[PDB]
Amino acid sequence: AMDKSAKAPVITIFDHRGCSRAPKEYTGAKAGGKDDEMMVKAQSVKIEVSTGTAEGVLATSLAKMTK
């Protein structure tokens, strides 16, 4: 069911081939290739939108509308 929590799956796709910052978060088995430099992260996050963002969208909308 839609549970009213305002949570959703936040996905971060980290394709960091060639990156000097070493992987560490994933601790499962290694592939022995470029998959060891790439990762899919997912996390349940409460989705929040700020007052400031809402004010910015309001100002954009007023400026772009005509009639």
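Residue positions are given as counts along the sequence shown, with the first one as 1.
In the PDB entry, a CA B factor belonging to the lowest third of its chain's modelled residues is recorded for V49. Split the chain's modelled residues into thirds by C-alpha temperature factor. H16 is in the lowest one.
In this PDB entry, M39 carries a Cα temperature factor that places it within the lowest third of its chain's modelled residues. Annotation for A22: C-alpha temperature factor in the highest third relative to the rest of the modelled chain, per the entry.
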